[PDB]
file entry_7.pdb (PDB, C-alpha atoms)
ATOM      1  CA  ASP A   3      71.580  25.298  -8.622  1.00  0.00           C
ATOM      2  CA  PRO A   4      73.897  28.241  -9.682  1.00  0.00           C
ATOM      3  CA  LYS A   5      71.008  29.968 -11.507  1.00  0.00           C
ATOM      4  CA  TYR A   6      70.172  31.925  -8.323  1.00  0.00           C
ATOM      5  CA  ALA A   7      73.356  33.985  -7.983  1.00  0.00           C
ATOM      6  CA  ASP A   8      73.943  34.719 -11.680  1.00  0.00           C
ATOM      7  CA  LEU A   9      70.352  35.808 -12.321  1.00  0.00           C
ATOM      8  CA  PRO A  10      68.453  38.617 -10.537  1.00  0.00           C
ATOM      9  CA  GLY A  11      64.770  37.590 -10.676  1.00  0.00           C
ATOM     10  CA  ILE A  12      65.275  33.916  -9.750  1.00  0.00           C
ATOM     11  CA  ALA A  13      63.826  34.083  -6.248  1.00  0.00           C
ATOM     12  CA  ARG A  14      63.937  31.533  -3.441  1.00  0.00           C
ATOM     13  CA  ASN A  15      61.321  30.283  -0.919  1.00  0.00           C
ATOM     14  CA  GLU A  16      59.222  29.207  -3.892  1.00  0.00           C
ATOM     15  CA  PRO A  17      56.952  26.171  -3.415  1.00  0.00           C
ATOM     16  CA  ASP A  18      57.671  24.580  -6.798  1.00  0.00           C
ATOM     17  CA  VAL A  19      54.610  22.321  -6.651  1.00  0.00           C
ATOM     18  CA  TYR A  20      51.222  23.789  -5.757  1.00  0.00           C
ATOM     19  CA  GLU A  21      48.939  20.819  -5.289  1.00  0.00           C
ATOM     20  CA  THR A  22      45.860  19.296  -3.697  1.00  0.00           C
ATOM     21  CA  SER A  23      45.511  16.306  -1.402  1.00  0.00           C
ATOM     22  CA  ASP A  24      45.830  13.129  -3.460  1.00  0.00           C
ATOM     23  CA  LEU A  25      42.609  11.607  -2.167  1.00  0.00           C
ATOM     24  CA  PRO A  26      42.261   7.779  -2.349  1.00  0.00           C
ATOM     25  CA  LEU A  37      30.217  -8.388 -12.815  1.00  0.00           C
ATOM     26  CA  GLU A  38      26.759  -8.273 -11.153  1.00  0.00           C
ATOM     27  CA  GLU A  39      24.952  -9.405 -14.300  1.00  0.00           C
ATOM     28  CA  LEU A  40      26.018 -13.048 -14.595  1.00  0.00           C
ATOM     29  CA  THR A  41      24.333 -13.915 -11.264  1.00  0.00           C
ATOM     30  CA  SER A  42      20.848 -14.040 -12.787  1.00  0.00           C
ATOM     31  CA  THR A  43      18.141 -16.582 -12.029  1.00  0.00           C
ATOM     32  CA  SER A  44      17.001 -16.774 -15.665  1.00  0.00           C
ATOM     33  CA  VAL A  45      20.048 -18.224 -17.401  1.00  0.00           C
ATOM     34  CA  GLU A  46      21.965 -21.316 -16.322  1.00  0.00           C
ATOM     35  CA  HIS A  47      25.552 -20.104 -16.041  1.00  0.00           C
ATOM     36  CA  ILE A  48      27.911 -22.738 -17.441  1.00  0.00           C
ATOM     37  CA  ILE A  49      31.610 -22.863 -16.576  1.00  0.00           C
ATOM     38  CA  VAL A  50      33.550 -23.281 -19.817  1.00  0.00           C
ATOM     39  CA  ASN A  51      36.309 -25.899 -19.589  1.00  0.00           C
ATOM     40  CA  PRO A  52      38.544 -26.270 -22.673  1.00  0.00           C
ATOM     41  CA  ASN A  53      40.129 -29.435 -21.263  1.00  0.00           C
ATOM     42  CA  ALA A  54      36.831 -31.305 -20.837  1.00  0.00           C
ATOM     43  CA  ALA A  55      35.531 -30.142 -24.220  1.00  0.00           C
ATOM     44  CA  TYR A  56      38.858 -31.017 -25.859  1.00  0.00           C
ATOM     45  CA  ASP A  57      38.695 -34.505 -24.337  1.00  0.00           C
ATOM     46  CA  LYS A  58      35.117 -34.836 -25.578  1.00  0.00           C
ATOM     47  CA  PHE A  59      35.868 -33.873 -29.194  1.00  0.00           C
ATOM     48  CA  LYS A  60      39.315 -35.539 -29.033  1.00  0.00           C
ATOM     49  CA  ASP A  61      38.615 -38.484 -31.337  1.00  0.00           C
ATOM     50  CA  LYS A  62      35.869 -37.312 -33.737  1.00  0.00           C
ATOM     51  CA  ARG A  63      37.052 -37.090 -37.345  1.00  0.00           C
ATOM     52  CA  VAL A  64      35.415 -35.174 -40.194  1.00  0.00           C
ATOM     53  CA  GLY A  65      35.444 -36.415 -43.769  1.00  0.00           C
ATOM     54  CA  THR A  66      35.702 -33.647 -46.324  1.00  0.00           C
ATOM     55  CA  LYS A  67      35.779 -35.858 -49.401  1.00  0.00           C
ATOM     56  CA  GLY A  68      34.101 -33.938 -52.235  1.00  0.00           C
ATOM     57  CA  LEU A  69      32.053 -31.352 -50.342  1.00  0.00           C
ATOM     58  CA  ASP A  70      30.560 -27.987 -51.229  1.00  0.00           C
ATOM     59  CA  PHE A  71      28.849 -25.132 -49.482  1.00  0.00           C
ATOM     60  CA  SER A  72      28.472 -22.643 -52.317  1.00  0.00           C
ATOM     61  CA  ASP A  73      25.405 -21.953 -54.429  1.00  0.00           C
ATOM     62  CA  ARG A  74      26.152 -24.729 -56.874  1.00  0.00           C
ATOM     63  CA  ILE A  75      23.125 -26.734 -57.889  1.00  0.00           C
ATOM     64  CA  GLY A  76      24.097 -30.003 -59.494  1.00  0.00           C
ATOM     65  CA  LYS A  77      23.088 -32.710 -57.117  1.00  0.00           C
ATOM     66  CA  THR A  78      19.825 -32.936 -55.261  1.00  0.00           C
ATOM     67  CA  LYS A  79      20.900 -31.781 -51.829  1.00  0.00           C
ATOM     68  CA  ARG A  80      24.291 -30.822 -50.482  1.00  0.00           C
ATOM     69  CA  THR A  81      25.586 -31.995 -47.123  1.00  0.00           C
ATOM     70  CA  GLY A  82      29.199 -31.271 -46.361  1.00  0.00           C
ATOM     71  CA  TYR A  83      31.391 -33.023 -43.820  1.00  0.00           C
ATOM     72  CA  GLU A  84      30.351 -36.579 -44.562  1.00  0.00           C
ATOM     73  CA  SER A  85      32.716 -39.088 -42.929  1.00  0.00           C
ATOM     74  CA  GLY A  86      34.253 -39.415 -39.487  1.00  0.00           C
ATOM     75  CA  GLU A  87      35.986 -42.207 -37.577  1.00  0.00           C
TER      76      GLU A  87
ATOM     77  CA  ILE B   7      24.051 -78.607 -37.937  1.00  0.00           C
ATOM     78  CA  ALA B   8      21.370 -75.929 -37.497  1.00  0.00           C
ATOM     79  CA  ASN B   9      20.606 -73.132 -35.051  1.00  0.00           C
ATOM     80  CA  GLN B  10      17.600 -71.215 -33.772  1.00  0.00           C
ATOM     81  CA  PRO B  11      16.012 -69.514 -36.816  1.00  0.00           C
ATOM     82  CA  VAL B  12      15.319 -65.807 -37.173  1.00  0.00           C
ATOM     83  CA  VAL B  13      11.787 -64.673 -37.979  1.00  0.00           C
ATOM     84  CA  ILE B  14      12.337 -61.586 -40.130  1.00  0.00           C
ATOM     85  CA  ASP B  15       8.724 -60.548 -40.374  1.00  0.00           C
ATOM     86  CA  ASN B  16       8.348 -57.915 -43.046  1.00  0.00           C
ATOM     87  CA  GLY B  17       5.725 -55.250 -43.216  1.00  0.00           C
ATOM     88  CA  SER B  18       4.942 -52.280 -45.330  1.00  0.00           C
ATOM     89  CA  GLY B  19       5.271 -49.936 -42.393  1.00  0.00           C
ATOM     90  CA  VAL B  20       6.691 -51.858 -39.434  1.00  0.00           C
ATOM     91  CA  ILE B  21       9.241 -54.637 -39.616  1.00  0.00           C
ATOM     92  CA  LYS B  22       9.226 -57.076 -36.748  1.00  0.00           C
ATOM     93  CA  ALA B  23      12.013 -59.464 -35.804  1.00  0.00           C
ATOM     94  CA  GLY B  24      13.111 -61.938 -33.152  1.00  0.00           C
ATOM     95  CA  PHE B  25      14.381 -65.485 -32.826  1.00  0.00           C
ATOM     96  CA  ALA B  26      12.156 -68.527 -33.036  1.00  0.00           C
ATOM     97  CA  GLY B  27      10.753 -70.142 -29.931  1.00  0.00           C
ATOM     98  CA  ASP B  28      10.191 -66.746 -28.340  1.00  0.00           C
ATOM     99  CA  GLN B  29       6.847 -65.279 -27.334  1.00  0.00           C
ATOM    100  CA  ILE B  30       7.368 -61.527 -27.854  1.00  0.00           C
ATOM    101  CA  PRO B  31       9.077 -59.888 -30.867  1.00  0.00           C
ATOM    102  CA  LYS B  32      11.893 -58.294 -28.877  1.00  0.00           C
ATOM    103  CA  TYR B  33      13.156 -56.123 -31.774  1.00  0.00           C
ATOM    104  CA  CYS B  34      10.490 -54.057 -33.528  1.00  0.00           C
ATOM    105  CA  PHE B  35      11.250 -50.914 -35.455  1.00  0.00           C
ATOM    106  CA  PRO B  36       9.607 -48.971 -38.281  1.00  0.00           C
ATOM    107  CA  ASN B  37      10.435 -49.957 -41.834  1.00  0.00           C
ATOM    108  CA  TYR B  38      11.742 -46.574 -43.018  1.00  0.00           C
ATOM    109  CA  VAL B  39      15.128 -45.137 -43.924  1.00  0.00           C
ATOM    110  CA  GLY B  40      16.189 -41.803 -42.576  1.00  0.00           C
ATOM    111  CA  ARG B  41      18.996 -39.753 -44.026  1.00  0.00           C
ATOM    112  CA  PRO B  42      19.864 -36.171 -43.025  1.00  0.00           C
ATOM    113  CA  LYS B  43      18.217 -33.224 -44.747  1.00  0.00           C
ATOM    114  CA  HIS B  44      20.400 -30.404 -43.433  1.00  0.00           C
ATOM    115  CA  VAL B  45      24.159 -29.867 -43.658  1.00  0.00           C
ATOM    116  CA  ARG B  46      26.619 -31.278 -41.157  1.00  0.00           C
ATOM    117  CA  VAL B  47      28.886 -28.485 -39.944  1.00  0.00           C
ATOM    118  CA  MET B  48      30.128 -29.230 -36.426  1.00  0.00           C
ATOM    119  CA  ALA B  49      32.755 -31.885 -35.680  1.00  0.00           C
ATOM    120  CA  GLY B  50      31.211 -34.545 -33.525  1.00  0.00           C
ATOM    121  CA  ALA B  51      27.781 -34.730 -35.036  1.00  0.00           C
ATOM    122  CA  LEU B  52      25.773 -37.810 -35.885  1.00  0.00           C
ATOM    123  CA  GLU B  53      27.593 -40.098 -38.259  1.00  0.00           C
ATOM    124  CA  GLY B  54      26.346 -42.687 -40.717  1.00  0.00           C
ATOM    125  CA  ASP B  55      24.326 -40.895 -43.449  1.00  0.00           C
ATOM    126  CA  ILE B  56      21.605 -43.583 -43.124  1.00  0.00           C
ATOM    127  CA  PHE B  57      19.614 -43.997 -39.915  1.00  0.00           C
ATOM    128  CA  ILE B  58      17.242 -46.919 -39.314  1.00  0.00           C
ATOM    129  CA  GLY B  59      15.652 -47.972 -36.072  1.00  0.00           C
ATOM    130  CA  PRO B  60      14.888 -46.038 -32.909  1.00  0.00           C
ATOM    131  CA  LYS B  61      17.675 -43.618 -33.738  1.00  0.00           C
ATOM    132  CA  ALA B  62      15.640 -42.472 -36.693  1.00  0.00           C
ATOM    133  CA  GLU B  63      12.669 -41.829 -34.443  1.00  0.00           C
ATOM    134  CA  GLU B  64      14.933 -39.999 -32.042  1.00  0.00           C
ATOM    135  CA  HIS B  65      15.961 -37.562 -34.779  1.00  0.00           C
ATOM    136  CA  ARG B  66      12.865 -37.351 -36.957  1.00  0.00           C
ATOM    137  CA  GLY B  67      13.263 -33.647 -37.549  1.00  0.00           C
ATOM    138  CA  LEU B  68      16.722 -34.130 -38.954  1.00  0.00           C
ATOM    139  CA  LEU B  69      16.010 -36.997 -41.334  1.00  0.00           C
ATOM    140  CA  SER B  70      14.189 -37.206 -44.653  1.00  0.00           C
ATOM    141  CA  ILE B  71      12.149 -40.315 -43.970  1.00  0.00           C
ATOM    142  CA  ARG B  72      11.230 -42.443 -46.972  1.00  0.00           C
ATOM    143  CA  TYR B  73       9.590 -45.822 -47.038  1.00  0.00           C
ATOM    144  CA  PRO B  74      11.107 -48.428 -49.352  1.00  0.00           C
ATOM    145  CA  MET B  75       8.271 -50.941 -49.320  1.00  0.00           C
ATOM    146  CA  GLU B  76       5.103 -49.528 -50.871  1.00  0.00           C
ATOM    147  CA  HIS B  77       1.945 -51.655 -50.864  1.00  0.00           C
ATOM    148  CA  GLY B  78       3.856 -54.798 -50.025  1.00  0.00           C
ATOM    149  CA  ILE B  79       6.122 -54.486 -53.052  1.00  0.00           C
ATOM    150  CA  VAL B  80       9.725 -53.590 -52.372  1.00  0.00           C
ATOM    151  CA  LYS B  81      10.521 -50.453 -54.310  1.00  0.00           C
ATOM    152  CA  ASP B  82      14.114 -49.860 -53.133  1.00  0.00           C
ATOM    153  CA  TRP B  83      16.285 -52.936 -52.874  1.00  0.00           C
ATOM    154  CA  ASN B  84      19.331 -51.067 -51.609  1.00  0.00           C
ATOM    155  CA  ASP B  85      17.368 -49.584 -48.735  1.00  0.00           C
ATOM    156  CA  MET B  86      16.002 -53.003 -47.935  1.00  0.00           C
ATOM    157  CA  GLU B  87      19.542 -54.308 -47.860  1.00  0.00           C
ATOM    158  CA  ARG B  88      20.349 -51.634 -45.299  1.00  0.00           C
ATOM    159  CA  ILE B  89      17.250 -52.510 -43.286  1.00  0.00           C
ATOM    160  CA  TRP B  90      17.947 -56.230 -43.249  1.00  0.00           C
ATOM    161  CA  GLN B  91      21.548 -55.538 -42.271  1.00  0.00           C
ATOM    162  CA  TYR B  92      20.222 -53.388 -39.468  1.00  0.00           C
ATOM    163  CA  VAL B  93      18.185 -56.366 -38.417  1.00  0.00           C
ATOM    164  CA  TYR B  94      21.396 -58.362 -38.222  1.00  0.00           C
ATOM    165  CA  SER B  95      23.282 -55.370 -36.817  1.00  0.00           C
ATOM    166  CA  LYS B  96      24.850 -55.039 -33.393  1.00  0.00           C
ATOM    167  CA  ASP B  97      21.775 -53.220 -32.089  1.00  0.00           C
ATOM    168  CA  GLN B  98      18.924 -55.657 -32.778  1.00  0.00           C
ATOM    169  CA  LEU B  99      20.220 -59.212 -33.107  1.00  0.00           C
ATOM    170  CA  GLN B 100      24.064 -59.146 -32.799  1.00  0.00           C
ATOM    171  CA  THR B 101      24.312 -62.404 -34.785  1.00  0.00           C
ATOM    172  CA  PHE B 102      25.496 -63.484 -38.221  1.00  0.00           C
ATOM    173  CA  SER B 103      23.266 -64.269 -41.183  1.00  0.00           C
ATOM    174  CA  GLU B 104      25.401 -67.311 -41.995  1.00  0.00           C
ATOM    175  CA  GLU B 105      24.398 -69.057 -38.751  1.00  0.00           C
ATOM    176  CA  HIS B 106      20.593 -68.817 -38.842  1.00  0.00           C
ATOM    177  CA  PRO B 107      17.608 -69.827 -40.967  1.00  0.00           C
ATOM    178  CA  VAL B 108      15.228 -67.104 -42.083  1.00  0.00           C
ATOM    179  CA  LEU B 109      11.431 -67.132 -42.001  1.00  0.00           C
ATOM    180  CA  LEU B 110      10.436 -64.251 -44.227  1.00  0.00           C
ATOM    181  CA  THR B 111       6.829 -63.125 -44.532  1.00  0.00           C
ATOM    182  CA  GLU B 112       5.146 -61.803 -47.667  1.00  0.00           C
ATOM    183  CA  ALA B 113       1.702 -60.659 -48.512  1.00  0.00           C
ATOM    184  CA  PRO B 114      -0.208 -62.922 -50.893  1.00  0.00           C
ATOM    185  CA  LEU B 115      -0.430 -62.190 -54.611  1.00  0.00           C
ATOM    186  CA  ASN B 116       2.889 -60.422 -54.698  1.00  0.00           C
ATOM    187  CA  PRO B 117       4.910 -60.092 -57.906  1.00  0.00           C
ATOM    188  CA  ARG B 118       7.378 -62.883 -58.555  1.00  0.00           C
ATOM    189  CA  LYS B 119      10.267 -60.428 -58.766  1.00  0.00           C
ATOM    190  CA  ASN B 120       9.929 -59.751 -55.053  1.00  0.00           C
ATOM    191  CA  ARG B 121      10.401 -63.400 -54.185  1.00  0.00           C
ATOM    192  CA  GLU B 122      13.252 -63.835 -56.648  1.00  0.00           C
ATOM    193  CA  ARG B 123      15.113 -60.740 -55.525  1.00  0.00           C
ATOM    194  CA  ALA B 124      14.517 -61.653 -51.885  1.00  0.00           C
ATOM    195  CA  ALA B 125      16.100 -64.975 -52.671  1.00  0.00           C
ATOM    196  CA  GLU B 126      19.113 -63.321 -54.242  1.00  0.00           C
ATOM    197  CA  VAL B 127      19.460 -60.954 -51.292  1.00  0.00           C
ATOM    198  CA  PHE B 128      19.241 -63.603 -48.604  1.00  0.00           C
ATOM    199  CA  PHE B 129      21.426 -66.002 -50.593  1.00  0.00           C
ATOM    200  CA  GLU B 130      24.030 -63.771 -52.214  1.00  0.00           C
ATOM    201  CA  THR B 131      24.443 -60.882 -49.818  1.00  0.00           C
ATOM    202  CA  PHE B 132      23.499 -62.630 -46.621  1.00  0.00           C
ATOM    203  CA  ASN B 133      24.865 -66.155 -46.805  1.00  0.00           C
ATOM    204  CA  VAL B 134      21.840 -67.597 -45.048  1.00  0.00           C
ATOM    205  CA  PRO B 135      21.799 -71.399 -44.864  1.00  0.00           C
ATOM    206  CA  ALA B 136      18.022 -71.763 -45.357  1.00  0.00           C
ATOM    207  CA  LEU B 137      15.135 -69.465 -46.253  1.00  0.00           C
ATOM    208  CA  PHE B 138      11.376 -70.067 -46.219  1.00  0.00           C
ATOM    209  CA  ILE B 139       9.008 -67.370 -47.447  1.00  0.00           C
ATOM    210  CA  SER B 140       5.567 -67.858 -45.953  1.00  0.00           C
ATOM    211  CA  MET B 141       2.194 -66.175 -46.084  1.00  0.00           C
ATOM    212  CA  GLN B 142       0.672 -63.980 -43.417  1.00  0.00           C
ATOM    213  CA  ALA B 143      -2.764 -65.467 -42.863  1.00  0.00           C
ATOM    214  CA  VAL B 144      -1.551 -68.927 -41.918  1.00  0.00           C
ATOM    215  CA  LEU B 145       0.804 -67.409 -39.412  1.00  0.00           C
ATOM    216  CA  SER B 146      -1.961 -65.573 -37.622  1.00  0.00           C
ATOM    217  CA  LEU B 147      -3.882 -68.825 -37.488  1.00  0.00           C
ATOM    218  CA  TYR B 148      -0.847 -70.443 -35.922  1.00  0.00           C
ATOM    219  CA  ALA B 149      -0.663 -67.621 -33.397  1.00  0.00           C
ATOM    220  CA  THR B 150      -4.288 -67.934 -32.397  1.00  0.00           C
ATOM    221  CA  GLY B 151      -3.914 -71.708 -32.302  1.00  0.00           C
ATOM    222  CA  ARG B 152      -6.900 -72.301 -34.558  1.00  0.00           C
ATOM    223  CA  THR B 153      -7.120 -74.447 -37.660  1.00  0.00           C
ATOM    224  CA  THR B 154      -9.938 -72.752 -39.589  1.00  0.00           C
ATOM    225  CA  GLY B 155     -10.721 -69.099 -40.169  1.00  0.00           C
ATOM    226  CA  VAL B 156     -10.920 -66.123 -42.477  1.00  0.00           C
ATOM    227  CA  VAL B 157      -7.845 -64.068 -41.729  1.00  0.00           C
ATOM    228  CA  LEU B 158      -8.724 -60.471 -42.471  1.00  0.00           C
ATOM    229  CA  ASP B 159      -5.578 -58.509 -41.905  1.00  0.00           C
ATOM    230  CA  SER B 160      -4.808 -54.904 -42.663  1.00  0.00           C
ATOM    231  CA  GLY B 161      -1.181 -53.918 -42.728  1.00  0.00           C
ATOM    232  CA  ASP B 162       0.201 -50.503 -43.319  1.00  0.00           C
ATOM    233  CA  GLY B 163      -0.157 -50.845 -47.061  1.00  0.00           C
ATOM    234  CA  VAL B 164      -2.083 -54.042 -47.957  1.00  0.00           C
ATOM    235  CA  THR B 165      -5.443 -55.322 -46.726  1.00  0.00           C
ATOM    236  CA  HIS B 166      -6.279 -58.862 -47.698  1.00  0.00           C
ATOM    237  CA  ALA B 167      -8.392 -61.866 -46.763  1.00  0.00           C
ATOM    238  CA  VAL B 168      -7.453 -65.511 -47.130  1.00  0.00           C
ATOM    239  CA  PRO B 169     -10.166 -67.970 -46.105  1.00  0.00           C
ATOM    240  CA  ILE B 170      -8.653 -71.136 -44.657  1.00  0.00           C
ATOM    241  CA  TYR B 171     -10.780 -74.085 -43.594  1.00  0.00           C
ATOM    242  CA  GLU B 172      -9.238 -76.842 -41.480  1.00  0.00           C
ATOM    243  CA  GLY B 173      -5.724 -75.904 -42.345  1.00  0.00           C
ATOM    244  CA  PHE B 174      -6.390 -75.830 -46.070  1.00  0.00           C
ATOM    245  CA  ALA B 175      -5.987 -72.559 -47.916  1.00  0.00           C
ATOM    246  CA  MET B 176      -7.984 -71.644 -50.976  1.00  0.00           C
ATOM    247  CA  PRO B 177      -5.644 -69.833 -53.396  1.00  0.00           C
ATOM    248  CA  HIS B 178      -8.504 -68.619 -55.566  1.00  0.00           C
ATOM    249  CA  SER B 179     -10.598 -66.897 -52.922  1.00  0.00           C
ATOM    250  CA  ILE B 180      -7.837 -64.520 -51.868  1.00  0.00           C
ATOM    251  CA  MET B 181      -8.802 -60.876 -52.218  1.00  0.00           C
ATOM    252  CA  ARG B 182      -6.147 -58.159 -51.979  1.00  0.00           C
ATOM    253  CA  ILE B 183      -6.444 -54.400 -52.313  1.00  0.00           C
ATOM    254  CA  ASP B 184      -3.665 -51.868 -51.891  1.00  0.00           C
ATOM    255  CA  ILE B 185      -5.527 -49.534 -49.577  1.00  0.00           C
ATOM    256  CA  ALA B 186      -4.477 -49.558 -45.944  1.00  0.00           C
ATOM    257  CA  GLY B 187      -2.912 -47.684 -43.015  1.00  0.00           C
ATOM    258  CA  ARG B 188      -0.337 -45.747 -44.985  1.00  0.00           C
TER     259      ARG B 188
END
call {"tool": "encode", "arguments": {"input": "entry_7.pdb", "output": "structure tokens"}}
result
Amino acid sequence: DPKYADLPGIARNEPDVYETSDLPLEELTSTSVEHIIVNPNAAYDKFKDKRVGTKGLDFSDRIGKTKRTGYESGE
Amino acid sequence: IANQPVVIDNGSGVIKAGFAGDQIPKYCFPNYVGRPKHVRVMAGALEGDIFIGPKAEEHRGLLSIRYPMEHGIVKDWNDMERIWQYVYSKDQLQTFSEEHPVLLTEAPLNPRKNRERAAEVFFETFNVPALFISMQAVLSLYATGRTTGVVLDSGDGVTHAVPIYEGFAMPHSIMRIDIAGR
């Protein structure tokens, strides 16, 4: 504010801001696929009581037995 | 005390079953054992590691099918134990082996070890009260209602002929070759 009187070249009637007028998905609806609504509650209730037995399993490239099938037991 | 006996008809490829006094074998399933080939990964897959019955046919591409009875001779006794338990399981008969007599069927001219081990299975694992191993020609004569005849059968693995005249079988004219359906 007092920079007008103490300084010579600080003019008035200056529009400080020169501006312009501040002027103001469809792929899932296909007939090919069957869109499924994912529900974590229903799927969680489905796989709620299904155990997995990991007693002595392997997945690596170890060849000692004939075959190798991990996740043997359940409930 | 005695109950309605179970007719556990064997077979090299198809094992029939059903209680006595019936007219249709209500529980027929192939005589093979299916165990998974691939690796179980997901949680909530098929469980059991041994699949016998219609479930095995339902998942043929997932199981390594192997027959335990080759040419009428049982080659895998453990698999036959599983199969006979499946016969008494809660999917085919839903009964107990301790409450029913067993009518087992065998092909003629079989090795004695099959009869002896079948006896030990049905009398040490299954606590069956009474077992009677019979032939297969005489039974077809009973089914047709005749008394005479040359029963020429051809199972999955054994073709044989047993000529029987007026209810009398001739144990020396029995031919048997191990060349059949399988």
call {"tool": "resolve_selection", "arguments": {"input": "entry_7.pdb", "expression": "the ChimeraX specification (/A :<12) & /B", "output": "NGL selection string"}}
result
:B and (41-56 or 70)
call {"tool": "resolve_selection", "arguments": {"input": "entry_7.pdb", "expression": "the PyMOL selection byres ((chain B and resi 14) around 8)", "output": "compact mmCIF listing (two decimals) with C-alpha atoms, in the frame of the given file"}}
result
# COMPACT_ATOMS: atom_id res chain seq x y z
CA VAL B 12 15.32 -65.81 -37.17
CA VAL B 13 11.79 -64.67 -37.98
CA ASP B 15 8.72 -60.55 -40.37
CA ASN B 16 8.35 -57.92 -43.05
CA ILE B 21 9.24 -54.64 -39.62
CA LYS B 22 9.23 -57.08 -36.75
CA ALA B 23 12.01 -59.46 -35.80
CA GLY B 24 13.11 -61.94 -33.15
CA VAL B 108 15.23 -67.10 -42.08
CA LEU B 109 11.43 -67.13 -42.00
CA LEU B 110 10.44 -64.25 -44.23
CA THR B 111 6.83 -63.12 -44.53
call {"tool": "closest_residue", "arguments": {"input": "entry_7.pdb", "among": "B:169, B:155, B:17, B:135", "to": "residue 76 of chain B", "atoms": "all atoms listed in the file"}}
result
B:17
call {"tool": "atom_distance", "arguments": {"input": "entry_7.pdb", "atom1": "atom CA of residue 141 of chain B", "atom2": "atom CA of residue 28 of chain B"}}
result
19.5 Å
call {"tool": "resolve_selection", "arguments": {"input": "entry_7.pdb", "expression": "the PyMOL selection byres ((chain B and resi 161) around 12)", "output": "NGL selection string"}}
result
:B and (16-21 or 75-78 or 112-113 or 142-143 or 158-160 or 162-167 or 182-188)
call {"tool": "axis_aligned_box", "arguments": {"input": "entry_7.pdb", "around": "segment 63-81 of chain B", "padding_each_side": "6 Å", "output": "AutoDock Vina command-line options"}}
result
--center_x 9.3 --center_y -44.2 --center_z -43.2 --size_x 26.8 --size_y 33.2 --size_z 34.3
call {"tool": "atom_distance", "arguments": {"input": "entry_7.pdb", "atom1": "atom CA of residue 40 of chain B", "atom2": "atom CA of residue 71 of chain B"}}
result
4.5 Å
call {"tool": "atom_distance", "arguments": {"input": "entry_7.pdb", "atom1": "atom CA of residue 58 of chain B", "atom2": "atom CA of residue 39 of chain B"}}
result
5.4 Å
call {"tool": "residues_around", "arguments": {"input": "entry_7.pdb", "residues": "segment 124-127 of chain B", "least_positions_apart": "3", "cutoff": "12 Å", "atoms": "all atoms listed in the file", "output": "PyMOL selection string"}}
result
chain B and resi 14+16+79-80+82-91+103+108-112+117-121+130-139
